[PDB]
Ligand SMILES: [Mg+2]
């Protein structure tokens, strides 16, 4: 319960471990100390009886070495994780990994290991098995969440009822390797040495040590323990322990041994002509999800039954097999039952609805996890190659728990050289040789920047029609690119979502030169990515995007000139691009607009709050703004303000949202059940965000796309910010921070704080001056901060490392957070002849995994910023800001940003919900916001529908089938991914693709709803909407529990409600 690791009190640095080893011998029992640490010293004892006796002697205060007293304090983190309970440390056991081969009582002994040291750790929730395969030692650790079922087994004779203990895993263990340095053993106390049993060496994560790779291809661990008197262990401490002991007999698992370093959990080549894109992937998906066993899919019966039957029914039956949460030990029986009890548009929907059925694969450190076809937003590559959409595969590299791969897993990081571990080599080998799910071999083609951040890789099966290399030829990569950075940029440019604007003539594209100052040594270009566009081209681009207004600037990727282009009414050339926007060469002379300039609501971040506090904004100022935010959030369940205060701006909802529709012209949020539940979900999301990432909205502030003034009027330290006034801002206008330009928009006149999204170094917070230019009408910039054309240094450049390639700048006129003084900024300062190879791109991906994520670097900066007197100007914080800049620049220079141990957060703020880390209270630097958030958190309508929304007699009742079909589809989606009882598009938002899986059934319902409507439409569309409302609300006692079927036609329902209210 304490791990016997006692944090020693103040001790001198001139202390010998052998001295304390022998001194403790004269004070406690003989050889009764396990481990010892001296840098805040730690001593681990053998048991909890020898511990609490030193504490008893510590309370007696007798122990005093030399002239220094010892105050043995509370138990800190374990020096070496060992089970203090003598019984929990099981040694010399027989461990066999396998799967139940679809019988629930027979086990595939894939590989048997003898001498396994099973350490069942409760405080640190993990059971670590120490194996000794070959000549090296490996540790197999389950995580107490891997175990979905622990069973009491009887593998040998029935004389002993309890002989083995099964450990059914759902994610798969993390395998480590015993690697030593053979260095001097003393090192005073040393970190892992001084142990009684010589627990030296390091534990680096590696792959399946078994030649047969039995660890990966096994979903269960069997622990043949010598004694069955261990009921107390392997009990409710191990999750899901049934008391019903099962008789388990071993079977030969030699037929499932695969030596392939890729995809160790797939079916063998025992298929004649079976289609792998629709069964083998789905069968392997079932095996990985453990819905059926590996022998359940490799058996002749199921293979022959699926081969004989139709493919569409096969997809349906395999999906239904994947539906149930238990392990189907009789997939043949399930398939036969669904066959006998069968109860009897087009795949190219991405060309129209921009949604693909992608077959993603999470490649863990030692296992493959195929996840079948899943609906996500389509990208340009599949948009072009929809003929082979089933040949794509979104390969993601995870850490055996569907979590992000740690840098420690892929790199060792007391070491002389950063030697990459076996996980990095495995990822490189998989990216090279590809994933082979049967006949289809998925080999790497390219990845996106977000995919790089998400550790996701696309792989194409080399179909006979088009090879996986020809698509790379289409995308323009690996053709003539010379640098890995620009190769990755070109690869990612064709994956990010965008809108295809008008095709632009190459002759109409002017090339206006860049603006560079080149002062103070650094070469700084003012027009780093900002271009131009004519007003006519702007209007046609706007209507191409889908807007009725002309945005000030568009973030574009036209050809290779990636950047943002502003609307100049003086400009007559169509596109007037620049050289500084060039990233790669491309003949695709057509605009690809990602996002335009809109007045996106502002919201602070923990990094922005940290820097503003460091520059001199008191914590009592942020707390007041968060108090206003929490006041706005508390009454959203009880006031109509949520229509234009929470959903409109705090969340991603807009004027076309259904909740906004029924709140702008509807009743209170708590009146309607669907409205109340969706508003409660939004409330939970906003509170969780504000508690995690302090998105404190500033009404006097807007996050705006950076832009440059194309005329020389704006000077250094001066910016132009003309923003369309919000409704609340329209109500309270004509202030010192604004002046009326039009009936709708106003330009800031006062001081403005400007910083980029990362915003980690004190100095990116720039207190610029918002000035009104007499040329506001001539150029008409809107919802975009206008950086000066000339000056000592470009303002986005001194905003950390920002530039006008579409980077959004945090701009707020709110005087409360505007610093009195601004810190002077950081400096923010190779075409190898070997060209770009596929292996080089794989190495770039691997090294990006080596580099620590921007999120963890920002979190560590927060940790080191919440205690130091200089919050962000601290040496730790400045060095880690430089490291964060290196991590951002990794997309340009492939040097991983390995955060050192000195910069690692030893103890984490209470604001960050890091339960594994040792938390310290953070009442110093705006940690009061978390406490305020917690304090704020811890402070049918059928008749109404039939009256004010269903006045016209519908009497259709055709929506009952939809409620039994679309409701069935929603229940299927909830069973597949969801966990709550929500039936709306936010079902998975408790979410990356749940809004895509959902809102498609509603889109299917919308198609189904109009299909059942014969159109006028008052007798068809309104009738169907009223029938759905009556089916859901009036018969809510039925077995539907949806409350969202009428919301699929919710626009029509709200229109009918307004029409009935208009007639009244
Ligand atoms: Mg940028």
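Think of each number as a place in line: the chain as shown, counted from 1.
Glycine is treated like the rest: Cβ placed from N, Cα and C.
Feature annotations, reproduced from Swiss-Prot:
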type	residues	note
BINDING	803, 805, 807	Mg(2+) binding site
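Positions of the features from Swiss-Prot, shown on the structure.
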{"residue": "803", "record": "Mg(2+) binding site", "Cβ within 10 Å": "24"}
{"residue": "805", "record": "Mg(2+) binding site", "Cβ within 10 Å": "20"}
{"residue": "807", "record": "Mg(2+) binding site", "Cβ within 10 Å": "20"}
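Taking the centre of the Cβ atoms of 803, 805, 807 as the Mg(2+) site, the nearby residues of that chain (Cβ within 8 Å, site residues left out) are 528, 529, 563, 564, 706, 796, 802, 804, 806. Distance (Cα-Cα) between residue 829 and residue 830, which enclose 4 unmodelled residues in the deposited structure, is 15 Å. As deposited, the model skips 9 residues from residue 939 to residue 940; the distance between those two Cα positions rounds to 27 Å. At the Cα atoms, residue 990 lies 7 Å from residue 991, with 15 residues between the two left unmodelled. In the deposited coordinates, residue 413 and residue 414 are the last and first modelled residues around 3 missing ones; Cα to Cα they measure 9 Å.
For the recorded site, residue 805 (Mg(2+) binding site), the DSSP three-state label reads coil. Distance across the unmodelled 7-residue segment, from the CA of residue 344 to the CA of residue 345, is 18 Å in the deposited entry. Of the deposited chain, 2 residues are missing between residue 1015 and residue 1016, and the straight-line Cα distance between those two residues is 6 Å. Between residue 39 and residue 40, the deposited model skips 10 residues, and the Cα atoms of these two flanking residues are 6 Å apart.
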